[PDB]
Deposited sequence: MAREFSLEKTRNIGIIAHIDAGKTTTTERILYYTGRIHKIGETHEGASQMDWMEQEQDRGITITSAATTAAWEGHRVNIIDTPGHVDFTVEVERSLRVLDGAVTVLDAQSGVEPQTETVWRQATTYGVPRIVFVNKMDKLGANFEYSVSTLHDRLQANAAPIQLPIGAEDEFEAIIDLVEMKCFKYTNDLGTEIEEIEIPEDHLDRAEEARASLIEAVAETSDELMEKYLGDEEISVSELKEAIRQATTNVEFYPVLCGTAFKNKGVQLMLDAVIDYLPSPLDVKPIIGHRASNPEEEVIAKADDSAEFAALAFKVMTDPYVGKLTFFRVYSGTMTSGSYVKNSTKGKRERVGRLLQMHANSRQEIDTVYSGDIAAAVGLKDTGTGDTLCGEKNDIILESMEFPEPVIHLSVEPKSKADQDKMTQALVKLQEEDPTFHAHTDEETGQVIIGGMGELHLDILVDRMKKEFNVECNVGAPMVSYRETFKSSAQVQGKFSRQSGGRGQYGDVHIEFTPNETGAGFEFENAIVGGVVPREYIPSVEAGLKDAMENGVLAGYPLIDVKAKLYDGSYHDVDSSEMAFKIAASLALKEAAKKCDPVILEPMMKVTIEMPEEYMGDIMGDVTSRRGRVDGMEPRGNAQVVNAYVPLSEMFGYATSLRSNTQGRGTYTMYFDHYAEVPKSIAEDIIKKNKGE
């Protein structure tokens, strides 16, 4: 059957800033657990799956995803700096998905290392409930040992290899501060469940299992975050925190099961519990490719079971898949396996059509567990047709691992979330696939829509005729086409062509050439010739109606409005807001963080070029910012004409 019980499995990932020593902590974790998208491992009789989190936290989808693939997380902080801005955003993202966490204050041996101040930022910055289960005797060069408070055993470090560790009775001059630490811990834990709190005040002593299982409960409910310390590089406290992973972090059973919906019925509520007996459901979080095994699909099975050679349906794409070789990547090796039980993770070899973010389930069922318009695009220009073939190839591959962009072939136009998102896809193509090309200008993706509503008539003479009503739709509701035809004034044969006509005509727009969006269309009238009428004729007709509606509907150009967030020492708080308004944004709100303030704004993306330099300059590097797409907004009438002219 199965090697590890559902109770014995730990799916984890690492939340960290990039100076927090994230890669080293992961490195070390892999060592001790091993006798990369996802790594299979073992610690103290327990299965451990370490899922790799995204490179930069601006990566929302990529991080949103992994956050779903794991259960609990380990947050790594730099001892000097405690919680960084980047730590907070993912710490927030994690809370929204209800992910239990434990904190590893790393680099205790570093100049400026402060365990007390670190722990502080968890409180002050996140208003989060966290208390140390350990204490770092010594700091900076002096970091020596660690006191385990849930036990009250003290472990000492002789070397930097994480060996020859000495278990000792707590050095006594460290007591007055040790029981305090243990005490506050009990309290800080008490505020979650009621029972314990009363147990504590009763001057009653608490043993291990009751305290541990308590912390296990509080942290599993995401109501408390256990705090640990060490330096991963010298291997101080790494093994201890691994033990901690096994104690206080959740199994697949100990976390709220993922929500899903049926394909047939879009809006349903399907809970996927973790059950070996129940129906099969899986999500593909990563697509690798190896020169040998081919296309590897990384997926996490939430429910049921899967065996190689069996049959699954990809519900997202609605197609049929047949599971071949099944691999599990360990640190120094990889293992063929015939079964992946609920809660486990593996890679699927040669899975024909599945990308990142699809869903796999029994070919009898419909479930789907994951339900993003490009705001910016580039023009790409190869240096040959030979160089081209290396492209349409590269792209098909690039859409499998990156669902989040949009590639139009028809000089081929990439589009995506942000410049960075595009630069990466430029990166890999030039080097990874060896495509020698010309990258054009990064350009905002403008849209067009209708202000006024109107009734107009397309007509063409081969003959076609149409009367259409256009009304602006609820922004975001997209395009609707209703057919009101009255009894054959327009023959049914041509009615779908009228629709295909609008689309074509709408994609090319009216004003600047940008696609028209969020518009309702009702075909209520027309006329035809039994002979001359044709599909083409009614397509041109609908196209001409649009050109007309464009005259009476007061069309406007829309541009992406980004939600900008800025964190800087307050010194500059005035000189940033002079910036924003010049960029035609507006400050939507503000919050304190220490001597820095978090500023929330809405800025047009067309005006966000070069904001990186400016923020760094004005704050002299102390600055940080994230920005997202929020909504589309009406462009100022003067600017619209500039674009209208400039397009000729």
*For this chain, which runs of the deposited sequence have no C-alpha coordinates, given in order from the N-terminus?*
1, 37-64, 401-403, 443-446, 498-504, 692-693
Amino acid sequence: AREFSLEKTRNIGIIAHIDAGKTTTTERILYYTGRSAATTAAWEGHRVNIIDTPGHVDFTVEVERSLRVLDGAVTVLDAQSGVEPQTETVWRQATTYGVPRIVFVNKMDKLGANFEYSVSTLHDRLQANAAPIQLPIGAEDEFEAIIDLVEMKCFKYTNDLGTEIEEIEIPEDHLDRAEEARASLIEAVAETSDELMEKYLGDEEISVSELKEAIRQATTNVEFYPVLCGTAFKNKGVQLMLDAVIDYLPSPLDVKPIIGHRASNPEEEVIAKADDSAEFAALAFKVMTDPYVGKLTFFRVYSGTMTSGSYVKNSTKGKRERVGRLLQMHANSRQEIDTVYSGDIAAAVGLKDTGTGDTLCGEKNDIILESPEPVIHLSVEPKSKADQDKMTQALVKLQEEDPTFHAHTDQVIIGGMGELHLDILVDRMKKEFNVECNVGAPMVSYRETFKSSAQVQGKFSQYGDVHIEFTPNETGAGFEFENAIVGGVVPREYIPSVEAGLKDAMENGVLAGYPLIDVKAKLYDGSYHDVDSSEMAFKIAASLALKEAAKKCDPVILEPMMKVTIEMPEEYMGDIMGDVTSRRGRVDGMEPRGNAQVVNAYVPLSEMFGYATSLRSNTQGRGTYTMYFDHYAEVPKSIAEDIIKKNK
From here on, numbers count along this sequence of modelled residues.
*According to the deposited model, is the average Cα temperature factor higher in 424-432 or in 449-457?*
424-432
_Tell me which stretch, 532-540 or 378-386, has the higher mean Cα B-factor listed in the entry._
378-386
*What's the residue among 499, 493, 204, 243 with the greatest CA temperature factor in the PDB record?*
204
_Among 485, 576, 133, 556 - the residue whose C-alpha B-factor is largest in the record_ = 576
_When the deposited Cα B-factors of this chain's modelled residues are ordered and cut into thirds, is residue 592 in the lowest, the middle or the highest one?_
highest
*Please place residue 109 in the lowest, middle or highest third of its chain by C-alpha B factor as given in the entry.*
lowest
*Taking the C-alpha B-factors as the PDB entry records them, is residue 409 in the lowest, middle or highest third of its chain?*
highest
*Third assignment of residue 52 from its chain's C-alpha B-factors*: lowest
*residue 359 CA temperature factor, ranked by third within the chain*: middle
